[PDB]
Amino acid sequence: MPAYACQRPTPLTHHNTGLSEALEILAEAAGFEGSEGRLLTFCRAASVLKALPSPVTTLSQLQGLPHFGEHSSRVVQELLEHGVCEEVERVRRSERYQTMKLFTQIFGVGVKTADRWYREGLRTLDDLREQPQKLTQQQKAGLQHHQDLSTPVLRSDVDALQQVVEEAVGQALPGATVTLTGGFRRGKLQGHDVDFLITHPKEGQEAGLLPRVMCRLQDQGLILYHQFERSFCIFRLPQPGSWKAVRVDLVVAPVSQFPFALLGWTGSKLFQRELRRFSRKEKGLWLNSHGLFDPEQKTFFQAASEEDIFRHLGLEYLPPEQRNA
DNA sequence: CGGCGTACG
DNA sequence: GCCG
Ligand SMILES: [Cl-]
Ligand SMILES: [Cl-]
Ligand SMILES: [Mn+2]
Ligand code: NA
Ligand code: NA
């Protein structure tokens with residue numbers, strides 16, 4: 001079992017679901033307290049279990065697994081022995097965890113904002129609605145739409161959204177393409193949002209594209225909220241006899257960068273962090289969603305495919321469905 | 001012990 | 001919290 005998540009296939013569904021979910025609670029709680037190192041270890045330990053070929057049934061099976069030390073092993077031991085880990089359950093029922101989760105789930109609210117509100121004594125969404133002087137326009141939209149945004153986006157919703165995005169993109173720039181990215185490209189059947197990557201086969205033609213796309217979606221009445229090359233929108237999605245609000249991310253990249261943007265926007269989030277960590281620490285190359293830089297030669301690697309990028313990093317290729325770290 | 005992804009709005 |  002290799003130490004980096006980008007070195008091993010991680011399927012969407014696996015054989016250690018309960019154990020990984022427990023460790024991810026502790027990771028999330030660590031993030032709410034600003035403990036980013038402990039968040040990473042618990043995330044990585046959870047991800048290792050996702051990559052295993054069968055269920056962990058005994059503590060000895062953790063021997064030699066990366067990112068399992070005293071703490072993560074004790075969590076697993078307690079779950080194996082009793083079906084519950086007291087620390088995890090303590091976190092789950094705690095007022096701090098529940099409120100930080102509630103608040104950071106709001107579009108426009110991060111950990112720092114949630115924490116300040118928590119310290120001011122705020123606890124519920126209606127507490128926030130009762131003091132709207134303290135909210136940004138983005139937060140106001142996130143609160144207004146919070147119920148709809150809490151409802152899973154389904155794969156059926158995705159195909160409808162892609163068609164309307166392609167229509168606007170085609171008028172904004174004939175020949176431009178729309179690619180589904182994010183969790184749905186990794187095979188997820190539900191999500192929190194839908195992610196699209198837009199490019200054009202003629203380098204440079206994509207410049208200035210996203211404003212033109214957004215203007216056209218707005219004129220079709222499809223945009224409930226928007227604020228360039230990245231857009232974090234709330235879309236009006238038709239429903240039987242009604243509609244619902246859905247978060248949609250639109251991203252534009254030049255075709256020269258498209259493999260890097262596709263890789264970067266297909267995730268998972270942990271997979272990308274691990275991939276960039278691997279690139280820099282093990283290969284001495286700097287990776288982002290625009291390119292891959294050799295800081296000795298001061299040159300950028302040209303990639304024509306995700307396969308190219310995995311090869312340039314010395315990694316076996318993983319299809320999107322195996323990047324569910 | 002230092003390090004822990006890396007961008008854009 | 002864990003790795004190197
Ligand atoms: Cl930490
Ligand atoms: Cl980036
Ligand atoms: Mn998204
Ligand atoms: Na948020
Ligand atoms: Na997504």
Side-chain angles (χ1 to χ4, degrees), chain A residues 1-7 22-35 37-49 62 64-69 71-77 85 87-88 91 107-110 113 136 138-139 141-142 181-182 193 195-198 206-207 209-211 213-214 223 225 228-234 247-254 257 260-293 295 300 309 313 323 325:
Chain A
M1 169 81 52
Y4 291 86
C6 56
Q7 296 176 298
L23 294 164
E24 285 180 345
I25 295 288
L26 302 182
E28 182 180 23
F32 294 159
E33 306 310 312
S35 310
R38 290 164 161 83
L39 174 148
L40 278 170
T41 283
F42 286 130
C43 288
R44 293 164 181 167
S47 185
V48 163
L49 299 185
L62 298 180
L65 291 185
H67 308 295
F68 276 87
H71 199 147
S72 302
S73 298
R74 190 247 299 152
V75 173
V76 169
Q77 177 193 351
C85 170
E87 183 183 8
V88 171
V91 171
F107 178 68
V109 182
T113 299
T136 65
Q138 184 182 53
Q139 289 163 355
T181 63
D193 81 345
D195 302 295
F196 294 112
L197 176 62
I198 300 160
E206 80 298 333
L209 177 55
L210 198 49
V213 170
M214 291 311 300
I223 302 300
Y225 167 90
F228 45 102
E229 69 205 48
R230 300 176 181 184
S231 181
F232 318 121
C233 314
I234 304 180
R247 278 274 297 108
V248 178
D249 292 334
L250 304 179
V251 183
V252 173
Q257 296 180 5
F260 297 100
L262 184 60
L263 178 63
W265 280 86
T266 293
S268 71
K269 169 180 170 174
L270 180 64
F271 190 95
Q272 294 308 306
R273 289 174 80 162
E274 293 280 287
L275 186 63
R276 296 164 181 194
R277 188 169 65 97
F278 178 85
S279 179
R280 174 182 294 269
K281 301 299 186 187
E282 304 302 327
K283 303 299 174 175
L285 304 179
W286 301 347
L287 180 65
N288 62 25
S289 76
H290 303 320
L292 178 60
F293 186 69
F300 289 92
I309 300 168
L313 296 174
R323 307 178 197 162

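In what follows, every heavy atom counts, from backbone to side chain, and hydrogens, waters and symmetry copies are set aside. Chain naming here is simple, since letters A, B, ... match the order of the sequence lines and numbering starts at 1 in each.
Counting only heavy atoms from C-beta outward, the side chains of A:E206 and A:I198 never approach each other to under 4.5 Å.
If you check every strand for non-hydrogen atoms under 4.0 Å, A:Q272 touches nothing. Backbone-only engagement by A:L287 is indicated by non-hydrogen atom pairs under 4.0 Å involving sugar-phosphate atoms exclusively.
For the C1' atom pair drawn from B:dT6 and C:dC2, the interatomic distance equals 22 Å after rounding to whole Å.
The listed nucleotides are C:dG4, C:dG1, B:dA7; the one nearest the side chain of A:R230 is B:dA7. You'll find that the side chain of A:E229 is closest to B:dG9, out of B:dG9, B:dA7, B:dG5. Looking at the side chain of A:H67, the nearest of the listed nucleotides B:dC4, C:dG1, C:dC3 is C:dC3.
Between A:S72 and C:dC2 there is a side-chain polar atom (N or O) within less than 4.0 angstrom of OP1 or OP2. Distances shorter than 4.0 Å separate none of the side-chain N or O atoms of A:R276 from OP1 or OP2 on B:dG5. Here A:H290 does not reach the OP1 or OP2 of B:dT6: none of its side-chain N or O atoms lies under 4.0 Å away. Between B:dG5 and A:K269, no contact under 4.0 Å exists linking OP1 or OP2 to a side-chain N or O.
Taking atom CZ on A:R280 and atom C1' on B:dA7, their separation rounds to 12 Å, with Å as the unit. The CG-P distance, from A:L40 to B:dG2, rounds to 17 Å in whole Å. Rounded to an integer number of Å, the gap from CZ of A:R44 to P of B:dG5 is 6 Å. Here B:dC4 presents its P atom at 12 Å from CH2 of A:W286, a figure rounded to the nearest Å. Distance A:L49 CG to C:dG1 P: 17 Å, rounded to the nearest Å. Note: CZ (A:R277) to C1' (C:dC3) measures 8 Å, nearest angstrom. Rounded to an integer number of Å, the gap from A:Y225 OH to B:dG9 P is 13 Å. B:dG5 atom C1' lies 11 Å from atom CG of A:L270, rounded to whole Å.
A salt bridge links A:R74 with A:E87; the closest basic N to acidic carboxylate O contact falls under 4.0 Å.
When each of A:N288 and A:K281 is assigned the nucleotide of DNA chain B with its nearest heavy atom, A:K281 is the one assigned upstream, toward the 5' end.
Checked against the 6.0 Å centroid threshold, A:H71 and A:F42 count as a close aromatic pair. Centroid-to-centroid, the aromatic rings of A:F232 and A:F107 stay 6.0 Å apart or farther.
Of all heavy-atom pairs spanning A:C43 and A:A27, the tightest one is SG-CB, 3.7 Å.
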